[PDB]
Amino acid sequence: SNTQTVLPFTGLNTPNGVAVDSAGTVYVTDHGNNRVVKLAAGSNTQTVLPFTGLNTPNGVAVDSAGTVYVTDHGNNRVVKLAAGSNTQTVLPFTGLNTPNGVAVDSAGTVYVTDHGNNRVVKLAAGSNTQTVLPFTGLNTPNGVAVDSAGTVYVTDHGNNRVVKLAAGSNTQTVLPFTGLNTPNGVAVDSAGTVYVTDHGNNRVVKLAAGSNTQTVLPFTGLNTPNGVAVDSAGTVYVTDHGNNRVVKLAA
């Protein structure tokens, strides 16, 4: 598609993150209102999720069990909310300073950009061992995504680049995007196509695996966008932060 739609969320302010589950339910961190909201596919009523003690959300991810993971800016922590019980658990990361992007792999391992510490950390579910990933020279890293093979992608926002680490790899690789400026959101689909919100240029770009030629997605009128998500059908969702809205573009 070359024409986006606007999801019927209401009362958003500076929304910054988006995730989509297997049923097509869309989750948004409504940053300016300190809340996380969801909208089921085809619904005209949004639902505020029962996160507690939140001090401004920075990002969101959702896993196969419908667990919703949120980075908490002011409390420097990552929380998860279990479906059904609505039990909220603080993940036992340590030393966080401004956790920002969050991603979860197929094994349930949680990855977080520690924005204030210029590092990316992962933590297996149920573990008290966190691992600093061997990215190097990061500045204000923003978004993180992980694919089915365990490859990790990070928007190294302060250096205008997107870096990649294959599982078990010794060295990060910079993806051949062109003209990036303050990139923030990142997502990866089932085929390893990488989607990046090129925030400084008010656009969203993608790169297929092995490609040296990015495609600029035909969104329109974006204003300081941030979070991006992609569903199993390849539909791309973007938090259009500066316009207080979330937009959707089918493949």
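All residue numbers are counted from 1 along the displayed sequence.
K.L.:
Averaging the C-alpha B factors as listed in the entry, name the stretch that ends up higher: 99-107 or 122-130.
P.N.:
Mean C-alpha B-factor is greater for 122-130.
K.L.:
Going by the mean C-alpha B-factor recorded in the entry, which is higher: 155-163 or 169-177?
P.N.:
Per the PDB record, 169-177.
K.L.:
Among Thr197, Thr47, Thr220, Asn34, which carries the highest Cα B-factor?
P.N.:
Within the set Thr197, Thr47, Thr220, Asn34, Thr220 shows the top C-alpha B-factor.
K.L.:
Using the temperature factors in the entry, find which of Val228, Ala233, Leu12, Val20 has the highest value at its Cα atom.
P.N.:
That would be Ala233.
K.L.:
Rank-wise, by C-alpha B-factor, drop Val204 into the lowest, middle or highest third of its chain.
P.N.:
Ranked within chain, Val204 CA B lands in the lowest tercile.
K.L.:
Using only modelled residues of the chain, where does the Cα B factor of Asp72 rank: lowest third, middle third or highest third?
P.N.:
Tercile = lowest for this residue's CA B-factor.
K.L.:
Among all modelled residues of this chain, ranked by Cα B factor, put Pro92 in the bottom, middle or top third, i.e. lowest, middle or highest.
P.N.:
Middle third by C-alpha B-factor.
K.L.:
For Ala61, return the chain-relative third of its C-alpha B-factor as stated in the PDB record: lowest, middle or highest.
P.N.:
Lowest third.
K.L.:
Would you please rank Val28 by its C-alpha temperature factor against the other modelled residues of its chain and give the third it falls in: lowest, middle or highest?
P.N.:
Its C-alpha B-factor, which the entry lists for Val28, ranks in the lowest third among residues of this chain.
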